[PDB]
Number of protein chains: 2
Amino acid sequence: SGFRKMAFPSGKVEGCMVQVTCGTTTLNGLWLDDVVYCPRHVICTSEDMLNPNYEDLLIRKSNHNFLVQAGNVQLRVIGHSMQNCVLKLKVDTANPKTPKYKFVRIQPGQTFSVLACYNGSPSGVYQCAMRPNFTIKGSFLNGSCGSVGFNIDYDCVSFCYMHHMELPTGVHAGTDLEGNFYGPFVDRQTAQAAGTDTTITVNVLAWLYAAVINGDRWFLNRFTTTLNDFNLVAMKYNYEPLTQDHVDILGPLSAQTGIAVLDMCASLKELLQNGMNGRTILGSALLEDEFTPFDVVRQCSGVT
Amino acid sequence: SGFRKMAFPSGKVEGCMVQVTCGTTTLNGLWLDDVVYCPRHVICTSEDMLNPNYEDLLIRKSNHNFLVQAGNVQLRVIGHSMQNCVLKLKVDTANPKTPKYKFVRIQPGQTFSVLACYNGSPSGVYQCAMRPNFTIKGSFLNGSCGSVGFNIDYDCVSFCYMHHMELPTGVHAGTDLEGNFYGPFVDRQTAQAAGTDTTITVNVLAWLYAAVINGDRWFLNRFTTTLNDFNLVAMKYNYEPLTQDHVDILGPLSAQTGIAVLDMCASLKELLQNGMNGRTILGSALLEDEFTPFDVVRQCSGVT
Ligand SMILES: O=C(Cc1cc(Cl)cc2ccoc12)Nc1cncc2ccccc12
Ligand SMILES: O=C(Cc1cc(Cl)cc2ccoc12)Nc1cncc2ccccc12
């Protein structure tokens, strides 16, 4: 029992973190096989970030200008290339600690763990989600760029995020490991305001199921609803529309608790309309939306 | 910017997790040097847990009855001893992955990361705190026993907790690495009700400072208070008394924000009396108490 914002064990990813320095800028790189991935803005100065021409700035750099350090030992850079917003630095040594891995591009609503790093050294691990506005609410300081987001399935690390920047609103933006930004963000110092940060409905429902499994049942009511009726309420409260695909994804949790998905929707509808009344659910006074149905089942089943 | 419930990177601890089986019971062990630490209840059956006599039950076990497996390889047990509520299994091989380590006994209000494990395999990492009633609000299932709590200072892991049991209230109890339980709990299936789970005042204040540092300042008011006046309010709300030692510990955060500790106390006093009014602080609708002043400074400074 108990339900926590749980991150994946970070060891496999710690073994991949390196320091990348170009000129006066130092950030983190991800070393997999004989390639080090890092944000392409490592080649920029502060004056460059206003309107950088990355192809032109990159022409002035050679392999020897990218200093890659793994622990206290230097890596030899034998090639460099830009793929979208990331640089791929080919080194002469394969990372001996390379885990089995994949590069995945996640959808909004999906969760992942972040290993926050500075100077190629891990500082902490936390769980977050790709928001519906394609930002992440992380915890990153200057130097955290190149820190990565990932999921683990037994022994395979699926990297899904690399940290690039913080928006003026304190929210974060980055790319997948092919260097494509999530959402409309660009790696430049410009006006980039985030869109509506809607609540991930299917995740709230999953977390309501996690609460029932852990004994918090006060919010269960005598009502039911329809997908269309629930969605009118969800629209009003800036919640993502619930689809039949989401209802299907909630099937195992519905089966475990014996609570029909639409009955849980009616409980959620009442919580939206009436509030919490000073009560809590799983130690929270707000409806948590950064646990997917898969995360709930995993945490509640002890998958290693 | 951003503030998350951040755990320490778990890699150093993952390299210490092993599986310990005795009879029909399988739980986790912590392998440091040539010793494997595990809860002594690994020697019990379900009928034993009602009123176990651990010395007597242990007499029936020999080194060969403790099956210790690190990954897929078996460890040879060459000695066994009981220290308080833990067993120390001497193996013939030093753990090659033993990090620099200490065994510490933490005080209530102190935070640590937990590496939840099953069958010697890590499933996740989360941050929690030693509650003032000596319980922890973890996330543990059957088989999680022997999972550990720790802090890291650069390269030294200070182990502070080993999971032993869940109370009927869904809260958790365990020992330090010398096998002494935190609080009054015992490793037996008996009536053990937890005391008042008071709120860790100094941690709430630290988290209010973290909110100011991250731009959430709506709760800042025009008031001040005294330690004695604040403590009358804290008493009413089941908050721990604030001492001059806590005020001193909050000095760096007070210096960083320019907000006197007693002024932050007055803001906290108003939040206790008036509530949040449907507003949030650092994405929370309740006052968070599982970040110490040290955790706030660390997260806000990027210590690796
Ligand atoms: O934002 C950056 C660096 C950066 C990257 C890019 Cl792609 C564009 C721009 C425009 C200005 O700075 C840019 N990095 C940081 C990441 N996360 C948190 C930060 C907290 C404080 C300071 C910097 C943080
Ligand atoms: O509680 C135990 C095992 C155990 C240990 C001790 Cl010292 C005393 C007793 C009395 C009955 O069982 C005992 N372990 C578990 C740990 N954490 C979470 C659990 C979730 C479900 C099931 C068991 C959980």
# chains A, B, ... in the order shown; residues from 1 in each chain; ligands from 1
call {"tool": "closest_atom_pairs", "arguments": {"of": "chain A", "to": "ligand 2", "cutoff": "12 Å", "atoms": "only C-alpha atoms and all ligand atoms", "output": "Markdown table"}}
result
| residue | atom | partner | partner_atom_place_in_ligand_line | distance |
| --- | --- | --- | --- | --- |
| A:1 | CA | ligand 2 | 20 (C) | 5.4 |
| A:2 | CA | ligand 2 | 18 (C) | 8.3 |
| A:3 | CA | ligand 2 | 18 (C) | 11.2 |
| A:213 | CA | ligand 2 | 20 (C) | 11.9 |
| A:214 | CA | ligand 2 | 20 (C) | 10.3 |
| A:299 | CA | ligand 2 | 20 (C) | 11.9 |
| A:300 | CA | ligand 2 | 20 (C) | 9.9 |
| A:301 | CA | ligand 2 | 20 (C) | 10.5 |
| A:302 | CA | ligand 2 | 20 (C) | 10.5 |
call {"tool": "residues_around", "arguments": {"residues": "residue 296 in chain B", "least_positions_apart": "4", "cutoff": "9 Å", "atoms": "only C-alpha atoms", "output": "PyMOL selection string"}}
result
chain B and resi 3+206-207+209-210+253+291-292+300-301
call {"tool": "interface_residues", "arguments": {"of": "chain A", "to": "chain B", "cutoff": "7 Å", "atoms": "only C-alpha atoms", "output": "PDB file with N, CA, C and O atoms, in the first residue's frame"}}
result
ATOM      1  N   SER A   1       0.812  -1.194   0.000  1.00  0.00           N
ATOM      2  CA  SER A   1       0.000   0.000   0.000  1.00  0.00           C
ATOM      3  C   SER A   1       0.866   1.274   0.000  1.00  0.00           C
ATOM      4  O   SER A   1       2.104   1.220   0.096  1.00  0.00           O
ATOM      5  N   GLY A   2       0.212   2.401  -0.192  1.00  0.00           N
ATOM      6  CA  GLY A   2       0.903   3.662  -0.358  1.00  0.00           C
ATOM      7  C   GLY A   2       1.074   3.910  -1.845  1.00  0.00           C
ATOM      8  O   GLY A   2       1.188   2.968  -2.644  1.00  0.00           O
ATOM      9  N   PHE A   3       1.093   5.173  -2.227  1.00  0.00           N
ATOM     10  CA  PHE A   3       1.226   5.546  -3.627  1.00  0.00           C
ATOM     11  C   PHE A   3       2.055   6.791  -3.714  1.00  0.00           C
ATOM     12  O   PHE A   3       1.720   7.817  -3.119  1.00  0.00           O
ATOM     13  N   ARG A   4       3.190   6.676  -4.388  1.00  0.00           N
ATOM     14  CA  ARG A   4       4.180   7.738  -4.500  1.00  0.00           C
ATOM     15  C   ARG A   4       4.476   8.132  -5.921  1.00  0.00           C
ATOM     16  O   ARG A   4       4.368   7.308  -6.814  1.00  0.00           O
ATOM     17  N   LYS A   5       4.958   9.377  -6.133  1.00  0.00           N
ATOM     18  CA  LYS A   5       5.409   9.790  -7.456  1.00  0.00           C
ATOM     19  C   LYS A   5       6.761   9.111  -7.611  1.00  0.00           C
ATOM     20  O   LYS A   5       7.764   9.548  -7.044  1.00  0.00           O
ATOM     21  N   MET A   6       6.736   7.954  -8.256  1.00  0.00           N
ATOM     22  CA  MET A   6       7.874   7.077  -8.359  1.00  0.00           C
ATOM     23  C   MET A   6       8.581   7.194  -9.672  1.00  0.00           C
ATOM     24  O   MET A   6       7.951   7.143 -10.720  1.00  0.00           O
ATOM     25  N   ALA A   7       9.893   7.330  -9.622  1.00  0.00           N
ATOM     26  CA  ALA A   7      10.719   7.387 -10.815  1.00  0.00           C
ATOM     27  C   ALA A   7      11.320   6.015 -11.073  1.00  0.00           C
ATOM     28  O   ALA A   7      11.398   5.183 -10.164  1.00  0.00           O
ATOM     29  N   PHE A   8      11.757   5.755 -12.309  1.00  0.00           N
ATOM     30  CA  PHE A   8      12.472   4.523 -12.601  1.00  0.00           C
ATOM     31  C   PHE A   8      13.837   4.609 -11.917  1.00  0.00           C
ATOM     32  O   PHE A   8      14.412   5.688 -11.758  1.00  0.00           O
ATOM     33  N   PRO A   9      14.408   3.453 -11.547  1.00  0.00           N
ATOM     34  CA  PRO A   9      15.790   3.454 -11.017  1.00  0.00           C
ATOM     35  C   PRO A   9      16.710   4.073 -12.083  1.00  0.00           C
ATOM     36  O   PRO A   9      16.533   3.796 -13.272  1.00  0.00           O
ATOM     37  N   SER A  10      17.557   4.997 -11.691  1.00  0.00           N
ATOM     38  CA  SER A  10      18.338   5.790 -12.651  1.00  0.00           C
ATOM     39  C   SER A  10      19.725   5.272 -13.011  1.00  0.00           C
ATOM     40  O   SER A  10      20.385   5.883 -13.845  1.00  0.00           O
ATOM     41  N   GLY A  11      20.177   4.199 -12.379  1.00  0.00           N
ATOM     42  CA  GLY A  11      21.521   3.668 -12.604  1.00  0.00           C
ATOM     43  C   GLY A  11      21.937   3.473 -14.048  1.00  0.00           C
ATOM     44  O   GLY A  11      23.041   3.868 -14.447  1.00  0.00           O
ATOM     45  N   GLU A  14      22.526   6.921 -15.438  1.00  0.00           N
ATOM     46  CA  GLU A  14      23.706   7.550 -14.838  1.00  0.00           C
ATOM     47  C   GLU A  14      24.988   7.145 -15.561  1.00  0.00           C
ATOM     48  O   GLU A  14      25.863   7.978 -15.739  1.00  0.00           O
ATOM     49  N   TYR A 118      24.288  17.993 -13.904  1.00  0.00           N
ATOM     50  CA  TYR A 118      25.094  19.219 -14.021  1.00  0.00           C
ATOM     51  C   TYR A 118      26.516  18.776 -14.207  1.00  0.00           C
ATOM     52  O   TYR A 118      26.968  17.894 -13.479  1.00  0.00           O
ATOM     53  N   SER A 121      27.322  15.073 -14.178  1.00  0.00           N
ATOM     54  CA  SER A 121      27.103  14.391 -12.916  1.00  0.00           C
ATOM     55  C   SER A 121      25.633  14.451 -12.482  1.00  0.00           C
ATOM     56  O   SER A 121      25.022  15.519 -12.443  1.00  0.00           O
ATOM     57  N   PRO A 122      25.069  13.295 -12.129  1.00  0.00           N
ATOM     58  CA  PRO A 122      23.652  13.262 -11.745  1.00  0.00           C
ATOM     59  C   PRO A 122      23.399  13.902 -10.393  1.00  0.00           C
ATOM     60  O   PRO A 122      24.128  13.652  -9.430  1.00  0.00           O
ATOM     61  N   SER A 123      22.374  14.750 -10.324  1.00  0.00           N
ATOM     62  CA  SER A 123      22.001  15.422  -9.086  1.00  0.00           C
ATOM     63  C   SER A 123      20.713  14.850  -8.485  1.00  0.00           C
ATOM     64  O   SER A 123      20.583  14.822  -7.263  1.00  0.00           O
ATOM     65  N   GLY A 124      19.806  14.359  -9.324  1.00  0.00           N
ATOM     66  CA  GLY A 124      18.573  13.780  -8.802  1.00  0.00           C
ATOM     67  C   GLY A 124      17.670  13.199  -9.857  1.00  0.00           C
ATOM     68  O   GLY A 124      17.908  13.373 -11.047  1.00  0.00           O
ATOM     69  N   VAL A 125      16.650  12.469  -9.420  1.00  0.00           N
ATOM     70  CA  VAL A 125      15.724  11.839 -10.324  1.00  0.00           C
ATOM     71  C   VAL A 125      14.304  12.108  -9.878  1.00  0.00           C
ATOM     72  O   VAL A 125      13.984  12.054  -8.684  1.00  0.00           O
ATOM     73  N   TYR A 126      13.464  12.511 -10.824  1.00  0.00           N
ATOM     74  CA  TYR A 126      12.072  12.804 -10.523  1.00  0.00           C
ATOM     75  C   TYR A 126      11.212  12.368 -11.696  1.00  0.00           C
ATOM     76  O   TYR A 126      11.690  12.267 -12.819  1.00  0.00           O
ATOM     77  N   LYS A 137       6.942  20.103 -16.636  1.00  0.00           N
ATOM     78  CA  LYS A 137       7.144  20.879 -15.428  1.00  0.00           C
ATOM     79  C   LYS A 137       8.277  20.176 -14.709  1.00  0.00           C
ATOM     80  O   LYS A 137       8.023  19.294 -13.901  1.00  0.00           O
ATOM     81  N   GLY A 138       9.515  20.493 -15.076  1.00  0.00           N
ATOM     82  CA  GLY A 138      10.665  19.842 -14.466  1.00  0.00           C
ATOM     83  C   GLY A 138      11.265  20.672 -13.349  1.00  0.00           C
ATOM     84  O   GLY A 138      10.630  21.585 -12.822  1.00  0.00           O
ATOM     85  N   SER A 139      12.506  20.365 -12.987  1.00  0.00           N
ATOM     86  CA  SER A 139      13.233  21.108 -11.992  1.00  0.00           C
ATOM     87  C   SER A 139      14.606  21.150 -12.578  1.00  0.00           C
ATOM     88  O   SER A 139      15.334  20.154 -12.516  1.00  0.00           O
ATOM     89  N   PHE A 140      14.926  22.258 -13.242  1.00  0.00           N
ATOM     90  CA  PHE A 140      16.186  22.381 -13.935  1.00  0.00           C
ATOM     91  C   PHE A 140      16.795  23.746 -13.708  1.00  0.00           C
ATOM     92  O   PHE A 140      16.095  24.754 -13.693  1.00  0.00           O
ATOM     93  N   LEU A 141      18.100  23.783 -13.547  1.00  0.00           N
ATOM     94  CA  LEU A 141      18.824  25.031 -13.363  1.00  0.00           C
ATOM     95  C   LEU A 141      19.731  25.207 -14.568  1.00  0.00           C
ATOM     96  O   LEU A 141      19.801  24.324 -15.426  1.00  0.00           O
ATOM     97  N   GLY A 170       8.719  29.524 -16.420  1.00  0.00           N
ATOM     98  CA  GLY A 170       9.286  28.522 -15.525  1.00  0.00           C
ATOM     99  C   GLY A 170       9.029  27.079 -15.900  1.00  0.00           C
ATOM    100  O   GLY A 170       9.272  26.172 -15.096  1.00  0.00           O
ATOM    101  N   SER A 284      -2.930  14.140  -1.461  1.00  0.00           N
ATOM    102  CA  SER A 284      -2.970  15.318  -2.318  1.00  0.00           C
ATOM    103  C   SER A 284      -4.299  16.045  -2.163  1.00  0.00           C
ATOM    104  O   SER A 284      -5.343  15.413  -2.036  1.00  0.00           O
ATOM    105  N   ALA A 285      -4.260  17.381  -2.179  1.00  0.00           N
ATOM    106  CA  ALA A 285      -5.487  18.174  -2.145  1.00  0.00           C
ATOM    107  C   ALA A 285      -5.930  18.608  -3.576  1.00  0.00           C
ATOM    108  O   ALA A 285      -6.855  19.397  -3.723  1.00  0.00           O
ATOM    109  N   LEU A 286      -5.248  18.123  -4.609  1.00  0.00           N
ATOM    110  CA  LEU A 286      -5.648  18.362  -5.977  1.00  0.00           C
ATOM    111  C   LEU A 286      -5.670  17.034  -6.735  1.00  0.00           C
ATOM    112  O   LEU A 286      -5.176  16.022  -6.228  1.00  0.00           O
ATOM    113  N   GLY A 302       4.300  -4.074  -8.646  1.00  0.00           N
ATOM    114  CA  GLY A 302       5.704  -4.251  -8.294  1.00  0.00           C
ATOM    115  C   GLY A 302       6.598  -4.762  -9.397  1.00  0.00           C
ATOM    116  O   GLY A 302       7.508  -5.557  -9.144  1.00  0.00           O
ATOM    117  N   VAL A 303       6.356  -4.296 -10.622  1.00  0.00           N
ATOM    118  CA  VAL A 303       7.157  -4.680 -11.780  1.00  0.00           C
ATOM    119  C   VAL A 303       8.580  -4.168 -11.594  1.00  0.00           C
ATOM    120  O   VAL A 303       8.765  -3.003 -11.259  1.00  0.00           O
ATOM    121  N   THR A 304       9.573  -5.042 -11.769  1.00  0.00           N
ATOM    122  CA  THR A 304      10.969  -4.660 -11.612  1.00  0.00           C
ATOM    123  C   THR A 304      11.680  -4.615 -12.962  1.00  0.00           C
ATOM    124  O   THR A 304      12.793  -4.098 -13.045  1.00  0.00           O
TER     125      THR A 304
END
call {"tool": "atom_distance", "arguments": {"atom1": "CA of residue 84 in chain B", "atom2": "CA of residue 195 in chain B"}}
result
23.0 Å
call {"tool": "closest_residue", "arguments": {"among": "A:98, A:93, A:267, A:192", "to": "ligand 1", "atoms": "only C-alpha atoms and all ligand atoms"}}
result
A:192
call {"tool": "residues_around", "arguments": {"residues": "residue 81 in chain B", "least_positions_apart": "6", "cutoff": "12 Å", "atoms": "only C-alpha atoms", "output": "PDB file with N, CA, C and O atoms, in the first residue's frame"}}
result
ATOM      1  N   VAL B  35      29.105  -8.440   3.492  1.00  0.00           N
ATOM      2  CA  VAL B  35      27.947  -8.642   4.364  1.00  0.00           C
ATOM      3  C   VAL B  35      26.677  -8.280   3.603  1.00  0.00           C
ATOM      4  O   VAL B  35      26.644  -7.280   2.867  1.00  0.00           O
ATOM      5  N   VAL B  36      25.636  -9.104   3.775  1.00  0.00           N
ATOM      6  CA  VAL B  36      24.299  -8.881   3.247  1.00  0.00           C
ATOM      7  C   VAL B  36      23.379  -8.616   4.424  1.00  0.00           C
ATOM      8  O   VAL B  36      23.283  -9.430   5.343  1.00  0.00           O
ATOM      9  N   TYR B  37      22.740  -7.453   4.439  1.00  0.00           N
ATOM     10  CA  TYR B  37      21.821  -7.084   5.516  1.00  0.00           C
ATOM     11  C   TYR B  37      20.407  -7.328   5.043  1.00  0.00           C
ATOM     12  O   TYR B  37      20.058  -6.882   3.954  1.00  0.00           O
ATOM     13  N   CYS B  38      19.563  -7.897   5.891  1.00  0.00           N
ATOM     14  CA  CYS B  38      18.166  -8.092   5.529  1.00  0.00           C
ATOM     15  C   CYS B  38      17.285  -8.143   6.774  1.00  0.00           C
ATOM     16  O   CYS B  38      17.795  -8.387   7.860  1.00  0.00           O
ATOM     17  N   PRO B  39      15.967  -7.922   6.653  1.00  0.00           N
ATOM     18  CA  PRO B  39      15.102  -8.022   7.835  1.00  0.00           C
ATOM     19  C   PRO B  39      15.156  -9.429   8.413  1.00  0.00           C
ATOM     20  O   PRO B  39      15.183 -10.400   7.654  1.00  0.00           O
ATOM     21  N   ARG B  40      15.245  -9.540   9.734  1.00  0.00           N
ATOM     22  CA  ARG B  40      15.340 -10.854  10.368  1.00  0.00           C
ATOM     23  C   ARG B  40      14.065 -11.688  10.164  1.00  0.00           C
ATOM     24  O   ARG B  40      14.148 -12.907  10.207  1.00  0.00           O
ATOM     25  N   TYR B  54      12.531 -14.846  17.673  1.00  0.00           N
ATOM     26  CA  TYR B  54      13.580 -14.819  16.676  1.00  0.00           C
ATOM     27  C   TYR B  54      14.819 -15.594  17.051  1.00  0.00           C
ATOM     28  O   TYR B  54      15.350 -16.268  16.180  1.00  0.00           O
ATOM     29  N   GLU B  55      15.269 -15.558  18.318  1.00  0.00           N
ATOM     30  CA  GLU B  55      16.456 -16.343  18.701  1.00  0.00           C
ATOM     31  C   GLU B  55      16.202 -17.840  18.478  1.00  0.00           C
ATOM     32  O   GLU B  55      17.047 -18.529  17.899  1.00  0.00           O
ATOM     33  N   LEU B  58      15.866 -18.703  14.736  1.00  0.00           N
ATOM     34  CA  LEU B  58      17.181 -18.621  14.108  1.00  0.00           C
ATOM     35  C   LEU B  58      18.040 -19.860  14.373  1.00  0.00           C
ATOM     36  O   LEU B  58      18.774 -20.269  13.479  1.00  0.00           O
ATOM     37  N   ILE B  59      17.904 -20.509  15.556  1.00  0.00           N
ATOM     38  CA  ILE B  59      18.635 -21.734  15.894  1.00  0.00           C
ATOM     39  C   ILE B  59      18.413 -22.828  14.846  1.00  0.00           C
ATOM     40  O   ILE B  59      19.301 -23.640  14.610  1.00  0.00           O
ATOM     41  N   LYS B  61      18.143 -22.448  11.660  1.00  0.00           N
ATOM     42  CA  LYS B  61      18.691 -22.065  10.374  1.00  0.00           C
ATOM     43  C   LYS B  61      20.201 -22.171  10.384  1.00  0.00           C
ATOM     44  O   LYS B  61      20.847 -21.868  11.390  1.00  0.00           O
ATOM     45  N   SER B  62      20.760 -22.582   9.252  1.00  0.00           N
ATOM     46  CA  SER B  62      22.200 -22.666   9.055  1.00  0.00           C
ATOM     47  C   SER B  62      22.552 -21.772   7.858  1.00  0.00           C
ATOM     48  O   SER B  62      21.667 -21.359   7.110  1.00  0.00           O
ATOM     49  N   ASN B  63      23.834 -21.481   7.650  1.00  0.00           N
ATOM     50  CA  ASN B  63      24.276 -20.664   6.507  1.00  0.00           C
ATOM     51  C   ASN B  63      23.670 -21.083   5.171  1.00  0.00           C
ATOM     52  O   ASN B  63      23.300 -20.232   4.372  1.00  0.00           O
ATOM     53  N   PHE B  66      20.131 -19.784   3.880  1.00  0.00           N
ATOM     54  CA  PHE B  66      19.941 -18.410   3.421  1.00  0.00           C
ATOM     55  C   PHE B  66      20.448 -18.349   2.004  1.00  0.00           C
ATOM     56  O   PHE B  66      21.644 -18.431   1.795  1.00  0.00           O
ATOM     57  N   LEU B  87      19.433  -9.300  10.017  1.00  0.00           N
ATOM     58  CA  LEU B  87      20.375 -10.397   9.921  1.00  0.00           C
ATOM     59  C   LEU B  87      21.528  -9.896   9.081  1.00  0.00           C
ATOM     60  O   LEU B  87      21.347  -9.139   8.122  1.00  0.00           O
ATOM     61  N   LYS B  88      22.709 -10.278   9.475  1.00  0.00           N
ATOM     62  CA  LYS B  88      23.932  -9.966   8.760  1.00  0.00           C
ATOM     63  C   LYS B  88      24.428 -11.296   8.235  1.00  0.00           C
ATOM     64  O   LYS B  88      24.818 -12.172   9.008  1.00  0.00           O
ATOM     65  N   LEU B  89      24.352 -11.473   6.928  1.00  0.00           N
ATOM     66  CA  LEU B  89      24.803 -12.693   6.290  1.00  0.00           C
ATOM     67  C   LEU B  89      26.187 -12.439   5.718  1.00  0.00           C
ATOM     68  O   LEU B  89      26.333 -11.631   4.807  1.00  0.00           O
ATOM     69  N   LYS B  90      27.202 -13.066   6.295  1.00  0.00           N
ATOM     70  CA  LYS B  90      28.553 -12.917   5.788  1.00  0.00           C
ATOM     71  C   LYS B  90      28.685 -13.794   4.552  1.00  0.00           C
ATOM     72  O   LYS B  90      28.434 -14.995   4.620  1.00  0.00           O
ATOM     73  N   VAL B  91      29.038 -13.198   3.424  1.00  0.00           N
ATOM     74  CA  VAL B  91      29.257 -13.946   2.199  1.00  0.00           C
ATOM     75  C   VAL B  91      30.750 -14.084   1.917  1.00  0.00           C
ATOM     76  O   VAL B  91      31.544 -13.363   2.532  1.00  0.00           O
ATOM     77  N   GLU B 178      21.512  -0.751  11.672  1.00  0.00           N
ATOM     78  CA  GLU B 178      21.911  -1.518  12.845  1.00  0.00           C
ATOM     79  C   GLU B 178      20.721  -2.408  13.344  1.00  0.00           C
ATOM     80  O   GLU B 178      20.849  -3.098  14.353  1.00  0.00           O
ATOM     81  N   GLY B 179      19.596  -2.387  12.635  1.00  0.00           N
ATOM     82  CA  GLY B 179      18.431  -3.184  12.951  1.00  0.00           C
ATOM     83  C   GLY B 179      17.512  -2.640  14.019  1.00  0.00           C
ATOM     84  O   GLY B 179      16.614  -3.358  14.453  1.00  0.00           O
TER      85      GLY B 179
END
call {"tool": "residues_around", "arguments": {"residues": "residue 64 in chain B", "least_positions_apart": "2", "cutoff": "12 Å", "atoms": "only C-alpha atoms", "output": "list in words"}}
result
residues 20, 21, 22, 23, 60, 61, 62, 66, 67, 68, 74, 75, 76, 77, 78, 79, 80, 89, 90 and 91 of chain B
call {"tool": "write_last_selection", "arguments": {"atoms": "C-alpha atoms", "output": "PDB file, in the first residue's frame"}}
result
ATOM      1  CA  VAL B  20      17.548 -13.246   0.114  1.00  0.00           C
ATOM      2  CA  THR B  21      15.435 -16.406   0.489  1.00  0.00           C
ATOM      3  CA  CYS B  22      14.955 -18.401   3.641  1.00  0.00           C
ATOM      4  CA  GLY B  23      12.562 -21.303   3.457  1.00  0.00           C
ATOM      5  CA  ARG B  60      16.903 -23.890  13.241  1.00  0.00           C
ATOM      6  CA  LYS B  61      18.691 -22.065  10.374  1.00  0.00           C
ATOM      7  CA  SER B  62      22.200 -22.666   9.055  1.00  0.00           C
ATOM      8  CA  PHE B  66      19.941 -18.410   3.421  1.00  0.00           C
ATOM      9  CA  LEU B  67      19.911 -18.254  -0.364  1.00  0.00           C
ATOM     10  CA  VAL B  68      21.515 -15.022  -1.546  1.00  0.00           C
ATOM     11  CA  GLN B  74      24.440 -17.214  -6.175  1.00  0.00           C
ATOM     12  CA  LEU B  75      26.508 -15.913  -3.227  1.00  0.00           C
ATOM     13  CA  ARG B  76      28.096 -18.328  -0.730  1.00  0.00           C
ATOM     14  CA  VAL B  77      26.959 -17.658   2.840  1.00  0.00           C
ATOM     15  CA  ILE B  78      29.845 -18.308   5.272  1.00  0.00           C
ATOM     16  CA  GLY B  79      28.285 -16.845   8.427  1.00  0.00           C
ATOM     17  CA  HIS B  80      25.084 -15.387   9.849  1.00  0.00           C
ATOM     18  CA  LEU B  89      24.803 -12.693   6.290  1.00  0.00           C
ATOM     19  CA  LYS B  90      28.553 -12.917   5.788  1.00  0.00           C
ATOM     20  CA  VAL B  91      29.257 -13.946   2.199  1.00  0.00           C
TER      21      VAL B  91
END
call {"tool": "select_by_dssp", "arguments": {"residues": "range 125-303 of chain B", "states": "strand (DSSP E or B)", "output": "ChimeraX atom specification"}}
result
/B:125-129,136,148-153,156-166,172-175,181,199,239,281,284
call {"tool": "atom_distance", "arguments": {"atom1": "CA of residue 151 in chain B", "atom2": "CA of residue 176 in chain B"}}
result
12.7 Å
call {"tool": "atom_distance", "arguments": {"atom1": "atom 23 (C, counted along the ligand's line) of ligand 1", "atom2": "CA of residue 71 in chain A"}}
result
23.1 Å
call {"tool": "residues_around", "arguments": {"residues": "residue 107 in chain B", "least_positions_apart": "3", "cutoff": "12 Å", "atoms": "only C-alpha atoms", "output": "PyMOL selection string"}}
result
chain B and resi 104+110-112+129-135+160-161+176+182-183+200+292
call {"tool": "write_last_selection", "arguments": {"atoms": "N, CA and C atoms", "output": "short mmCIF file (atom, residue, chain, number, x, y, z; two decimals), in the first residue's frame"}}
result
data_model
loop_
_atom_site.label_atom_id
_atom_site.label_comp_id
_atom_site.auth_asym_id
_atom_site.auth_seq_id
_atom_site.Cartn_x
_atom_site.Cartn_y
_atom_site.Cartn_z
N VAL B 104 23.50 5.57 9.03
CA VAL B 104 23.07 6.66 9.90
C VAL B 104 21.67 6.42 10.42
N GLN B 110 13.59 14.33 8.81
CA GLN B 110 14.62 14.17 7.79
C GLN B 110 14.13 13.34 6.62
N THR B 111 14.57 13.73 5.43
CA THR B 111 14.13 13.07 4.21
C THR B 111 15.17 12.11 3.72
N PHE B 112 14.75 11.18 2.88
CA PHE B 112 15.64 10.23 2.25
C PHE B 112 14.97 9.66 1.02
N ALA B 129 9.96 11.00 3.96
CA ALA B 129 10.53 11.55 5.17
C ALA B 129 10.20 10.67 6.34
N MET B 130 11.06 10.70 7.34
CA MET B 130 10.78 10.05 8.60
C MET B 130 9.72 10.95 9.28
N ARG B 131 8.50 10.44 9.42
CA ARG B 131 7.42 11.23 10.02
C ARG B 131 7.67 11.46 11.50
N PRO B 132 7.08 12.51 12.12
CA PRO B 132 7.25 12.69 13.57
C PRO B 132 6.69 11.52 14.40
N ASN B 133 5.82 10.67 13.82
CA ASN B 133 5.35 9.48 14.54
C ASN B 133 6.20 8.22 14.21
N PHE B 134 7.38 8.41 13.58
CA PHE B 134 8.33 7.37 13.22
C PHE B 134 7.84 6.34 12.22
N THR B 135 6.85 6.71 11.44
CA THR B 135 6.42 5.90 10.31
C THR B 135 6.96 6.60 9.04
N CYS B 160 19.99 4.94 5.80
CA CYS B 160 19.27 5.29 7.02
C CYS B 160 18.08 4.43 7.28
N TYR B 161 17.59 3.66 6.31
CA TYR B 161 16.37 2.89 6.54
C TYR B 161 16.38 1.58 5.81
N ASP B 176 16.87 1.26 11.18
CA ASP B 176 18.10 1.79 10.63
C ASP B 176 18.93 0.50 10.22
N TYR B 182 12.73 2.41 13.86
CA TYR B 182 12.41 3.79 14.09
C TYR B 182 11.08 3.75 14.86
N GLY B 183 11.02 4.52 15.93
CA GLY B 183 9.81 4.55 16.74
C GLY B 183 9.61 3.29 17.56
N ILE B 200 5.72 18.64 9.61
CA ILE B 200 7.08 19.08 9.89
C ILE B 200 7.22 20.56 9.52
N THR B 292 13.44 19.16 3.32
CA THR B 292 14.16 19.83 4.40
C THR B 292 14.76 21.14 3.86
#
call {"tool": "residues_around", "arguments": {"residues": "residue 95 in chain A", "least_positions_apart": "2", "cutoff": "7 Å", "atoms": "only C-alpha atoms", "output": "VMD selection string"}}
result
chain A and resid 31 to 34 93 97 to 98
